[PDB]
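First the structure, in the form of structure tokens, and then the observations on it.
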Amino acid sequence: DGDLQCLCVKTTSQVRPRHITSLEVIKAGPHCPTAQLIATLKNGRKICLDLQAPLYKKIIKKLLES
Amino acid sequence: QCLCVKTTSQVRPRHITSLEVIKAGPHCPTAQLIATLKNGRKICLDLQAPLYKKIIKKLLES
Amino acid sequence: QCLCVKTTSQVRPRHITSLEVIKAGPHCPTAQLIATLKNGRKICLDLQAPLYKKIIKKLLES
Amino acid sequence: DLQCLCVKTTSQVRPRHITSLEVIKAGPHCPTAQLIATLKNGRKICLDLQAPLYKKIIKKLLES
């Protein structure tokens, strides 16, 4: 067992893409058995998203085409 | 005044451990793609190159 | 090929939430200082000792 | 939504094996700061903020 655990202890499906200033996609590894989608909000609040194509492939658009 | 001035596509997807997508803002006209390699090394990816497209898919666990 | 081409000192240590110190390597002749502000923005910092020292002491103390 | 990345720290590490160090400020995610070092192979470990070791690794990292 390593020093690290998943940063995401829970997730949220309640988010309007416009509120997000940053999205980090972290691949699974020794630190976490699952992938993680960490979104940062305008205000500096960070949340984790569930891995469904909707939200993310959508949020990525709002950020990638801005 | 972006952090990602000089980009690259000279990256082996299998070496990317994470990808941060940053929205264009007051200090950068365009969105930025910052990838981290296992080495810990951080590089910027080309928003116009097709690489990051399949890169993000690999991290999602193929 | 460094990620940090142009660096800056125009930052408020009070708004930095994380600092990534990257060792100089085969792809970058010098160390690289990457700070993350609360709003998510990322910037490269000048290597000026007094700067990162003031920044690390603050992050490592809240 | 977030918690501490570090659940424990290691002390048996060669300062010259560290290619990267991440200094994370305490906040809602973790009530304590954290020191995450990546190693030459890509392995990540956390460092004790009490021990003087990390201060050594930092200065050794910045001076190239």
Side-chain angles (χ1 to χ4, degrees), chain A residues 2-5 7 24 26 29-32 38, chain B residues 3 15-18 20 34-43, chain C residues 2-4 7 9 11 13 15-38 42-62, chain D residues 2 4-27 29-30 32-64:
Chain A
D3 296 4
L4 286 66
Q5 65 183 175
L7 186 57
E24 177 172 32
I26 309 175
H31 63 287
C32 189
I38 303 178
Chain B
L3 191 167
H15 283 62
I16 297 187
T17 60
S18 72
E20 313 183 21
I34 306 175
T36 297
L37 303 159
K38 72 175 185 182
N39 329 171
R41 178 184 165 210
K42 290 217 167 191
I43 50 185
Chain C
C2 306
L3 166 62
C4 288
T7 63
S9 61
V11 63
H15 299 171
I16 299 169
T17 51
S18 75
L19 181 67
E20 170 166 37
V21 182
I22 306 177
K23 178 180 187 179
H27 304 75
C28 190
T30 57
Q32 307 175 69
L33 259 26
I34 310 190
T36 300
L37 298 310
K38 182 179 179 182
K42 282 202 190 300
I43 55 172
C44 288
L45 270 27
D46 292 352
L47 293 177
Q48 183 220 310
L51 179 57
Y52 76 70
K53 289 190 179 184
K54 175 177 176 53
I55 292 180
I56 294 180
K57 271 79 282 184
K58 193 172 178 60
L59 294 166
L60 238 30
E61 184 50 45
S62 291
Chain D
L2 280 63
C4 301
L5 278 174
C6 302
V7 300
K8 73 188 206 303
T9 67
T10 86
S11 46
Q12 279 294 286
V13 56
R14 302 282 183 172
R16 52 89 166 186
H17 275 70
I18 306 173
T19 61
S20 181
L21 188 62
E22 190 181 0
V23 186
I24 309 175
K25 192 184 194 173
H29 54 103
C30 192
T32 183
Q34 321 179 70
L35 293 163
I36 301 91
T38 300
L39 283 55
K40 305 149 69 179
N41 51 47
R43 171 185 164 198
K44 289 183 172 184
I45 61 164
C46 298
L47 301 181
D48 189 317
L49 285 64
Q50 316 302 63
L53 176 67
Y54 83 87
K55 306 176 186 177
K56 190 172 189 176
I57 300 172
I58 292 183
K59 63 201 305 172
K60 178 175 184 58
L61 214 51
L62 293 162
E63 301 185 11
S64 177

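Chain identifiers are assigned alphabetically (A, B, ...) following the order of the sequence lines, protein sequences preceding nucleic acid strands; residue numbering begins at 1 within each chain. Note: hydrogens, waters and symmetry copies are ignored here, and every other heavy atom, side chains too, is used.
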What pairs with [X] under side chain to side chain contact (heavy atoms under 4.5 Å, CB included), at least two apart in sequence or on another chain?
X: C:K53; answer: C:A49, C:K57
X: C:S9; answer: C:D46, C:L51
X: D:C46; answer: A:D3, A:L4, D:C6, D:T9, D:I36

Problem set entry | Interatomic spacing from CG in C:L60 to CD1 in D:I58 - rounded to 0.5 Å |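 Taking CG in C:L60 and CD1 in D:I58, the distance rounds to 6.5 Å.
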Exercise. At what distance, to the nearest 0.5 angstrom, does OG of D:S64 lie from CG of C:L47?
Worked result: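 The CG atom of C:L47 is 9.5 Å from OG of D:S64, to the nearest 0.5 Å.
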Show me, pair by pair, the donor-acceptor contacts under 3.5 angstrom made by side chains of residues 12-27 of chain D, not counting sequence neighbours?
unit_1, atom_1, unit_2, atom_2, d
D:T19, OG1, B:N39, O, 2.7
D:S20, OG, C:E20, OE2, 3.3

Exercise. Do other residues, nucleotides or ligands put more than 12 heavy atoms under 6.0 Å from the NZ atom of B:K42?
Worked result: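 Atom NZ in B:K42 is crowded, with more than 12 foreign heavy atoms closer than 6.0 Å.
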Exercise. Is the number of heavy atoms from other residues, nucleotides or ligands under 6.0 Å of D:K8 NZ greater than 12?
Worked result: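 Yes, enclosed.
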For this session: Indicate yes or no for a side-chain donor-acceptor contact from B:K38 to the backbone of D:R43 under 3.5 Å, with no hydrogens or angles considered.
Result: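 Judged by distance alone, no pair lies under 3.5 Å.
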Problem set entry | B:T36 and D:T38, any side-chain heavy atoms less than 4.5 Å apart |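 No. Closest side-chain heavy atoms not under 4.5 Å.
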Problem set entry | Flag side-chain contact, heavy atom, 4.5 Å: D:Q34 against D:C4 |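 They are in side-chain contact.
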For this session: Specify the closest pair of heavy atoms between C:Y52 and C:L33, including all atoms of both residues, with the distance to one decimal.
Result: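 Here C:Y52 and C:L33 meet closest at CB-CD2, 3.8 Å.
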For this session: Compare every heavy atom of D:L61 with every heavy atom of C:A31, then report the nearest pair and how far apart it is.
Result: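 Between these two residues, the closest heavy atoms are CB-O, 3.8 Å.
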